[PDB]
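Engineer: Need coordinates for the following:
(5 chains, ligands or ions: 2)
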Amino acid sequence: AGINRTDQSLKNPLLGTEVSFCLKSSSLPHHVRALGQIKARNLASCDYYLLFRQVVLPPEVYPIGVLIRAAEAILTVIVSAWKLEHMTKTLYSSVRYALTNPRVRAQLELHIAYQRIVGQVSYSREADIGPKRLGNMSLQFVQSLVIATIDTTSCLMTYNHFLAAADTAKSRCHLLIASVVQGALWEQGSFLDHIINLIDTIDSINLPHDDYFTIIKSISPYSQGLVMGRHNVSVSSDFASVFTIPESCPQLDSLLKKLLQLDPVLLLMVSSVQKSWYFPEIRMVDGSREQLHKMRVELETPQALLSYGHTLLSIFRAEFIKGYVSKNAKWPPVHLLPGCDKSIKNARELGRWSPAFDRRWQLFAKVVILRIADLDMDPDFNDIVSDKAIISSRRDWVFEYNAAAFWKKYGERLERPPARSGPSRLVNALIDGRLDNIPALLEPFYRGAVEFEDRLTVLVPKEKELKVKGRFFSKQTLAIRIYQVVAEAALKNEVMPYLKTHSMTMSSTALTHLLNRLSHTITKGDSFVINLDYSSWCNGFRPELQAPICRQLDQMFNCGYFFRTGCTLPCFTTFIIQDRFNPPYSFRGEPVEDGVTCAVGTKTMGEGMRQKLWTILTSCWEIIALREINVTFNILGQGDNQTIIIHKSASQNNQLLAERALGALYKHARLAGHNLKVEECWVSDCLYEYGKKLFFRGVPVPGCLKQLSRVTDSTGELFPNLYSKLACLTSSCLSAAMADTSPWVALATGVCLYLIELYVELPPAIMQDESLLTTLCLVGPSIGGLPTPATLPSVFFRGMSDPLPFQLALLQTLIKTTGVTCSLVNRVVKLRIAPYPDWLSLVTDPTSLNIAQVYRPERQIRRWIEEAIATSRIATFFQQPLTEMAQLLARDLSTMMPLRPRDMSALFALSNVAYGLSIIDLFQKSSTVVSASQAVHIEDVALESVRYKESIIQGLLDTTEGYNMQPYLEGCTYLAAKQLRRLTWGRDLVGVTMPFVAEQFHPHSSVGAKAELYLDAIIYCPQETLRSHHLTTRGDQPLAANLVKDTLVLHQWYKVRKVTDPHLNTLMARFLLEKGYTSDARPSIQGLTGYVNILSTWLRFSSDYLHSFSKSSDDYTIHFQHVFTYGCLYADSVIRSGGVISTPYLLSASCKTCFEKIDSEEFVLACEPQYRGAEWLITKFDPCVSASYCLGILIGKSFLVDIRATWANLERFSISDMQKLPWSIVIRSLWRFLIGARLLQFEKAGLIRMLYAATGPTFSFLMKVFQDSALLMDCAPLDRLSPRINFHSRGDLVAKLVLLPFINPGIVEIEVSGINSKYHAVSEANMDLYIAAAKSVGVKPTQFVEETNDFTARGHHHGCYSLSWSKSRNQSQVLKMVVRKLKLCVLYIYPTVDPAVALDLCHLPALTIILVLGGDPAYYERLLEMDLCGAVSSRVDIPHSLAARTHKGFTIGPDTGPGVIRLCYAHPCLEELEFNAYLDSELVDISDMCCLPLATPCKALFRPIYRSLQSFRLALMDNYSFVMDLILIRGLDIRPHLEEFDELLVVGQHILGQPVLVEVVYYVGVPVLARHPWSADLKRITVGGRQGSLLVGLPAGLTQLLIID
Amino acid sequence: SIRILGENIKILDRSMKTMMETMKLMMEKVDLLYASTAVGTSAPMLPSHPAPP
Amino acid sequence: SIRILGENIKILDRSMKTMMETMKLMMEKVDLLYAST
Amino acid sequence: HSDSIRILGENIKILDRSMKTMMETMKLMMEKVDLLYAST
Amino acid sequence: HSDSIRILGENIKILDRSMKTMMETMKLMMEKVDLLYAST
Ligand SMILES: [Zn+2]
Ligand SMILES: [Zn+2]
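Structural biologist: Residues are numbered from 1 along each chain as shown, chains lettered A, B, ... in the order given. Ligands and ions are numbered 1, 2, ... in the order given. Find the structure here:
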């Protein structure tokens, strides 16, 4: 009758309340059939774990050797598709060894038997199925209850307990397979033996279940306590000694201590697994009362809580005002309180931040933040869609529980539980028409009135969490979910970038910087890292001190009583406990509060609710508690777990500082409503966890034991089938490997469970043939087959990729390597094309083809859900099928002259049509659990399940082919993908071809490579030999209105490249008209994947593709993050295989055809649209110089904040477009910002201090744009400036160039006339628009050779200078003369030479440079970073230099060797021979090569010391004028700058005629400068190591500097 | 006559910026007692007036 | 100069309108403080 | 200055009407906030 | 038209008087609301 045994995997809580109902006082027939099958010796529902330990199976009961050989074949094809023969053996030998070890094979054949029984009882309407033999037990299933008996002892359980047994065998299949693979893929030995001993120990504990599972829960905190108690050099902690593991189980204590003595990291990985053993029920009778109590505990008096919360308001106002001054660069309005400090009012009027405000937060209790922005009522569309189910109202709570349990507990039938009572999905009820008007939805929340149907939260225990009393997650109503999304988006968009604590937690660059501050301060050991884990962080927030920071948040966003709703709303919502077959009693349709099954109103909201508020609140109490004790500190706040860097002060020792800090934290956090024990909240200097990743001394433990053994709900929103079981396994491996799991272990486990899932749901005729299993594995979802964990490269890379060449490469490797004919592949695939193009599936998914596979679940999809919601503004959305307008618009887009599906999808997403299709797609894929499409219409889709099983049987067994895929699979794969796209769509597709990067780049090693053979390559190089410790410890090298705005962005993108199409502009105007805007024109606008990034801190890389693709102005279809990630994963795979990365390697191109230039062609639409607008789907001067002028002032305001501590994120721009921009205007705009700023005495000191040294992220960016400098020569200030001042280094040159308005008024008056008022009015938000005009209209920079001294034969002496300011000039002089003497076309230089010396060898014309890098781009990056003319980028042969390890010619850099250039003399060109250059370990006279007349010179020659004296006299005026200002600069110690000015003074004193003293007494005071003392206040400065027209027009200070003493 | 009166309007504006700040201080003391006393036995709270965004 | 201070007195009126709307949002919570206490 | 002075007087008069209404609001809110120690 | 300028200048003086008597009552309801928050 009723359909039974719904779930195929566990997604429900585990209580034997149904078992207690069957065992006590029942009369229903299913309890009668369950009581009749149990034996006399019956284990209870708590003791199901004792049954399955004793279960031995008759060995090799399933002949799964076909699956073993298939796993070896599949994994061989996968890891040969990446062309990796070393890591293949460590996978298939490990997979074989798991399938050979008797305990692991016993668990896996147990799992095959379990899931075969599940697949034979899933959706069985028959009440009792026959007894089936599993191992040695006999299984019998009645209703939702399972009876298992081994020999004489039976165990009655629910079907969720049987699924917990099945998923426990599945979990141990995960854990043992991943343990054998990890022991194969990690340098320490295989811990499979320790897992077997741990399983035997955990199964051998004969204790009562609650204390037993307390041991199982506390296996991880006690292990962390052991690691702490062994490795706390700075502190002493009582964290380990509380847990009773030595007293309850001596064997497990011995095992844990043994694991401690082997490796703490491996102990943490073994501790990290959650429910790989038997699922520890949910323990409602004690554990739920614990949780419902932890929620509502009261720990502190309300007066102290409110006083401390107002102190939190003081610090939050101080931090947000600091953020607003730092970001908006102007002050927010400041109150004038009688009793306010006058310093705050003076800081308001001056417009600058006071350093004394940091340690004095209390005065900010008088000063608030005025309204700065408006609240966005409509939410972001992407974050509402997934990862959380809802309840529709308060009437939909009865669906989760069983009516029979309510009948046996209270005698009632739970008010019709099969009543649906509205659509239970999130987004189906969201745009149902009730709640589609989101501003009117949150208008009650804007009023603060909450609907009675909203206030209900369902608390659900989750499978696979190591806690045993049951951690619950929050499941609220739709309106509260929309409220949470809007509030968290409003905090993330605006509040977090201002706050200095949480701009770290949002911005990835600041997160990297703060994690680096974590890493350096934990490796030095000076600053301690406390990990303050709160047991009830989600439950410790109170109504009295939630200290919600919401008050102020409400005033800044121009709303009233919106954010203040979200602190009382923890107490508004009624919390109920979802228990399977254990319902809370219904009073009047609502559950009644008992303290066990339901708690009507708790003082907190749950987990994941009000997260963004509560993180800032916790950070506020940590800032107060640590600034009352005067320490320096940084906070990372994950939420429930907190990590604080605290720096050691000189006043207190480290242990005393930490004990005082913990006393202060306990005192203030007790006033924060979080009463903390020593065992609950603990100090550390080694262990800290942020972002759900545990670090011990900066070593992250691999999560491969935890997230691989992590099951989701699965089979959601469809009929149960093989296709989405394999696709859901693929998504589980994806979500594991994005969140720090090794992709090789995840891929191998996915292959093994893929083959097990094939074994469960296929007849034995298929399963006896190895070739058919391999070919069924390697088809993929894109071309007409089953989804596989093999077929996504997104497991190894970012989210966006083109799967199609990778699918073709997997098939090609299947046909070529494994002995399978192509006709067999066509038999498996059966390629059937659609007769007509379904263009909507192209514009929604660019990579999707026109073909229709039968393995995909064929629900009606487009209209079935629409007919369901029509039967049950919903009319305006769904009276017209939007696929009609979508197909008409996309047919019009198909009449493009070049066809680009990315551009078609972009112009689709501009329309309201794609908004309607996204409404439809969320009605298709709601991502809720079971309750919207899995539950609805279940009778007619069980027949579809059997039909799809028979269909895959018929398709696999029938050898009749579909379309012959041999023409596609022959030849190259990118053309094959494009031709398949043309053949299924009827028209060729351009712009969507992203080739497989391993097909594109196939790695080798530099010692295995030949330089002239090998191609253009994007490679790495390590700094040390790497091992297991090097994978873990970090290294040196670093790591709607919006629719209207995007419509304007694409319209101005059309306008900026100067293309006008009447059809395209007409269609874009139609888009503006349907959005409600009448006017046609409106004037308005190295992180990698994180898993493998730690290895990349030891590695170095750059974009070395410039010899094939970057030299053209056209862009290409190369994604460089994917190339870098592939190189990191190859290094990671070689390390984990057992070898080491000592020799640097290479990623060289193998498929030269596969690189596709994207066409520089605009698209013209041939056909006018027939859309005519909708208006129902929505309810309510040349640009190059302006972009240059915005770029200059943007660099100026970026440099402005660096002296206070890029700023405007300038690093997210391509270097090529910046090189296209004219940089004459940028330098004038950079100069004028400091004139317009007029900074005070203190900031001008920092401008001198930090920029003469090579420091600054903005400074490094402006070096990066000037890395090749044709921008420097074409700039009109700089050819004038180069005679004037003495540029010392490039770091000196750029710093002098930016600070010229501050240091010299003379240069300002030359360029003061080039000011324009309308260029001030051009905003920065147009600049990233206008840089597109640089891309197409803007010509490339000339890359001109600013020729230095070419040194051929003889010539007249012009000075012959090369780094004469600091370095030994003769060292580079003799190198230029040696390479001209040898007449080398090709020159070799080792990285031991100073990079500025090997810089000057690249300015010689007709000299190809092949540096002996051996793999290292760092040396070439340094000597590219030293140039000022850009000629180094043209004469260094990067593919020959970058991949060559050994010496192949004349090498500069070895100290002694064959074929090695190594480092009186009456020579006119050089006055002396400082360095003797030896060739072939032999001395050769250098003097024959002399100078020549030259062109305009690069910055190696230093134009001021050349023949011109008037510019050097101007320089002698300028440096004394600099020093007179800098003495007057307050807080600036002029020791190095006085030394620079004194070097200029000695260079002047050679010309002034007075004798030069070697040591000058040089009395310095205020400013006057002379050797003789003018007055007593002058200070002696010790400098060692040291016509008449210049006297005309000489200042009096230089007259003092003229005469000695 | 116009300029001295314009200075008086500047005094009006300088006091008005202070008046904008006084109320914005003075919400945040009863804001936290509305936050505080939310003990939530049955949790009904009825706000006074509707508000436009 | 008359029109400049004419707009300047109008923005002074707009600020008073916004303060009145915000201070009536202040009213809705002491009313529920009389019920929650 | 036939048109500017009259509308200037009206634009000052509308603020004169507005600030007395907010003064009445301030008196009403003073009446509300004197009940705070009547509850606590 | 300088006579109406003097009339609206007197109105500016009335606006100044109203702003001062709003500062007074805001100070009183500053004091009362601030002495609320210590007791709860
Ligand atoms: Zn190719
Ligand atoms: Zn250069």
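Engineer: And the residue of chain B closest to ligand 2?
Structural biologist: Of all residues in chain B, residue B:17 sits closest to ligand 2, at 54.5 Å by C-beta to the ion. No exception for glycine: its C-beta is placed from N, CA and C like everyone else's.
Engineer: ok, that residue touching residue A:333?
Structural biologist: Yes. Counting by C-beta atoms under 8 Å, residue B:17 touches residue A:333, with 6.1 Å between them.
Engineer: Spit out the residues that contact those two alike.
Structural biologist: Counting by C-beta atoms under 8 Å, 6 or more residues apart in numbering or on different chains, no residue touches both residue B:17 and residue A:333.
Engineer: give me every residue that touches the residue of the stretch 451-600 of chain A found nearest chain E.
Structural biologist: Closest approach between the stretch 451-600 of chain A and chain E, counting by C-beta to the nearest C-beta: residue A:544, at 7.3 Å. Applying C-beta under 8 Å, 6+ apart, one finds that residue A:544 lies in contact with A:300, A:302, A:305, A:306, A:673, B:35, B:36, B:37, E:40.
Engineer: same deal with residue A:117?
Structural biologist: A:132, A:134, A:139, A:166.
Engineer: any idea how far stretch A:198-206 is from the chain center?
Structural biologist: The chain centre lies 40 Å from the centre of stretch A:198-206; the measure is C-alpha atoms, centre = their mean, to the nearest Å.
Engineer: what's the helix or strand for the most centrally placed residue in chain B?
Structural biologist: With distances taken as C-alpha atoms, centre = their mean, residue B:23 lies nearest the centre of chain B, 3.4 Å away. For residue B:23, the host element (DSSP states H and E) is helix B:2-36.
Engineer: What is the burial count for residue 10?
Structural biologist: I went with chain A, as the question did not name one. Using other C-beta atoms under 10 Å in any protein chain shown, residue A:10 has 26 neighbouring residues.
Engineer: meant chain B actually
Structural biologist: 12.
Engineer: Over to residue A:40?
Structural biologist: As a burial measure, residue A:40 scores 7 neighbours (other C-beta under 10 Å).
Engineer: Next, the contact list for it, please.
Structural biologist: Contacts of residue A:40 by C-beta under 8 Å, 6+ apart are residue A:152.
Engineer: can you tell me how far it sits from residue A:1281?
Structural biologist: Separation of residue A:40 from residue A:1281 (C-beta to C-beta, to the nearest Å): 101 Å.
Engineer: For ligand 2, what is the nearest residue in chain A?
Structural biologist: residue A:1429 (2.9 Å).
Engineer: Now that residue: which helix or strand?
Structural biologist: Secondary structure (DSSP H and E) places residue A:1429 outside all helices and strands.
Engineer: what number of residues lie near whichever residue of chain B sits closest to chain A?
Structural biologist: Per C-beta to the nearest C-beta, residue B:40 is where chain B lies closest to chain A, at 2.7 Å. Other residues within reach of residue B:40, judged by other C-beta under 10 Å, total 23.
Engineer: and what of residue A:1381?
Structural biologist: 18.
Engineer: For it, which non-adjacent residue is spatially closest?
Structural biologist: In space, and not counting its chain neighbours, residue A:1381 is closest to residue A:1489: 5.4 Å by C-beta to C-beta, 6 or more residues apart in numbering or on different chains.
Engineer: Can you report phi and psi for the one you found?
Structural biologist: According to degrees, to the nearest 10, the main-chain angles of residue A:1489 amount to phi -80, psi 120.
Engineer: what residues are up against it?
Structural biologist: Contacts for residue A:1489 (C-beta under 8 Å, 6+ apart) come out as A:1351, A:1352, A:1353, A:1376, A:1377, A:1378, A:1380, A:1381, A:1469.
Engineer: change it to 7 Å
Structural biologist: Residues in contact with residue A:1489 (C-beta atoms under 7 Å, 6 or more residues apart in numbering or on different chains) are A:1351, A:1377, A:1380, A:1381.
Engineer: Now tabulate those in CSV and tack on secondary structure.
Structural biologist: Listed next are the contacts of residue A:1489 as CSV, based on DSSP: H, G, I helix; E, B strand; the rest coil:
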residue, secondary structure
A:1351, coil
A:1377, helix
A:1380, helix
A:1381, helix
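Engineer: List just the nearest of these to residue A:769.
Structural biologist: The nearest member of these to residue A:769, counting by C-beta to C-beta, is residue A:1380 at 71.8 Å.
Engineer: Could you report the neighbour count for the closest one?
Structural biologist: If you count neighbours by other C-beta under 10 Å, residue A:1380 ends up with 20.
Engineer: does it really touch residue A:1353, like I thought?
Structural biologist: No. Applying C-beta atoms under 7 Å, one finds residue A:1380 not in contact with residue A:1353, separated by 9.2 Å.
Engineer: Quick check, the residue nearest to the centre of chain B in contact with residue C:18.
Structural biologist: No. Applying C-beta under 7 Å, one finds residue B:23 not in contact with residue C:18, separated by 10.3 Å.
Engineer: from memory residue A:476 sits against residue A:460, does it?
Structural biologist: No. Using C-beta under 7 Å, residue A:476 is not in contact with residue A:460, being 11.7 Å away.
Engineer: out of everything not next to it in sequence, what's closest to the residue in chain B that ligand 1 sits nearest to?
Structural biologist: Per C-beta to the ion, residue B:53 is where chain B lies closest to ligand 1, at 55.1 Å. Nearest residue to residue B:53, sequence neighbours excluded (C-beta to C-beta, 6+ apart): residue A:377, at 6.1 Å.
Engineer: Torsion angles phi and psi at the one you found?
Structural biologist: Dihedral angles for residue A:377 - degrees, to the nearest 10 - are phi -70, psi -50.
Engineer: So what's the residue count around the residue in chain A that chain C sits nearest to?
Structural biologist: Residue of chain A nearest chain C, by C-beta to the nearest C-beta: residue A:560 (3.3 Å). Neighbour count for residue A:560, taken as other C-beta under 10 Å: 26.
Engineer: secondary structure class for it?
Structural biologist: Secondary structure, three-state DSSP: residue A:560 is coil.
Engineer: Surely residue A:147 is in a strand?
Structural biologist: Yes. The assignment for residue A:147 (three-state DSSP) places it in a strand.
Engineer: What backbone torsions are found at the closest residue to it other than its chain neighbours?
Structural biologist: When the adjacent residues along the chain are set aside, residue A:147 lies closest to residue A:37, with 4.3 Å between them (C-beta to C-beta, 6+ apart). Backbone torsions of residue A:37, given as degrees, to the nearest 10, read phi -110, psi 0.
Engineer: near ligand 2, which residues of chain A?
Structural biologist: For chain A, the contact set with ligand 2 under C-beta under 5 Å from the ion comprises A:1427, A:1428, A:1429, A:1498.
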